[PDB]
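Here's the structure, in structure tokens; my notes come after.
Every residue, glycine as well, gets a Cβ built from its backbone with ideal geometry; the counts of neighbours run over all protein chains shown. Just so it is clear, none of the values below were taken in a lab; they were calculated from the coordinates.
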Amino acid sequence: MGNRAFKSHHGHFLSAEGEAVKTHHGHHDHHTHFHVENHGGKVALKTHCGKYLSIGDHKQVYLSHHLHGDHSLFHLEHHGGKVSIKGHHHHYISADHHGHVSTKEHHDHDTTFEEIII
């Protein structure tokens with residue numbers, strides 16, 4: 001149940017923007033927020049009209065259309081106070097100061113975020 005963004009530490013949260021994914025605080029404007037919603041045995045990441053978190057390979061990360069499965073639709077779960085998102089190959093999503101957003105096989109904080117709502 002979410003209609004805003006995911007905090008990846010420090011104070012920035014994955015958000016969408018123009019034709020690409022970015023990380024912002026909260027702030028101005030809008031319109032490229034992000035919605036969590038369930039899908040059968042897992043959960044989906046969906047921006048407002050046609051787009052679901054998607055991962056390519058080689059640390060390349062983007063967003064695809066509607067579909068069923070994992071990789072695109074995801075399995076994401078809470079963590080005490082934080083969150084963790086996971087898709088294919090046993091990787092979780094990552095957001096690292098140094099290498100922006102990608103995914104990692106490990107799982108501790110670097111691949112664990114907050115949940116921000118409205």
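If you scan segment 50-86, which residues turn out to be out of contact with any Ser or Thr (no Cβ under 6 Å at 6 or more places or on another chain), assigned to a loop (DSSP other than H, G, I, E, B) and under 18 Å from residue 99 (Cβ atoms)?
56, 57, 58, 60
Give just the number: which of (1) surrounded by 14 or more Cβ atoms within 10 Å (Cβ to Cβ); (2) in contact with a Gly (Cβ under 8 Å, 6 or more places away or on another chain); (3) assigned to a loop (DSSP other than H, G, I, E, B) does residue 114 not satisfy?
Going through the list (1) surrounded by 14 or more Cβ atoms within 10 Å (Cβ to Cβ); (2) in contact with a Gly (Cβ under 8 Å, 6 or more places away or on another chain); (3) assigned to a loop (DSSP other than H, G, I, E, B), residue 114 breaks only (3).
Which one of these is touching a helix residue (DSSP H, G or I) at 6+ places or on another chain (Cβ under 9 Å) and free of Cβ contacts under 8 Å to residues at least 60 places away in the same chain: 30, 71?
Values: 30 fails: touching a helix residue (DSSP H, G or I) at 6+ places or on another chain (Cβ under 9 Å).
Unique residue meeting the criteria: 71.
Working only within segment 19-38, note down all residues that are surrounded by fewer than 17 Cβ atoms within 10 Å (Cβ to Cβ) and either small (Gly, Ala, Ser) or assigned to a strand (DSSP E or B) (or both). Before the answer, list the steps.
Just the residues of segment 19-38 that are surrounded by fewer than 17 Cβ atoms within 10 Å (Cβ to Cβ), to begin with: 19-20, 22, 24-32, 35, 37-38.
The answer is 20, 22, 24, 26, 35, 37, 38.
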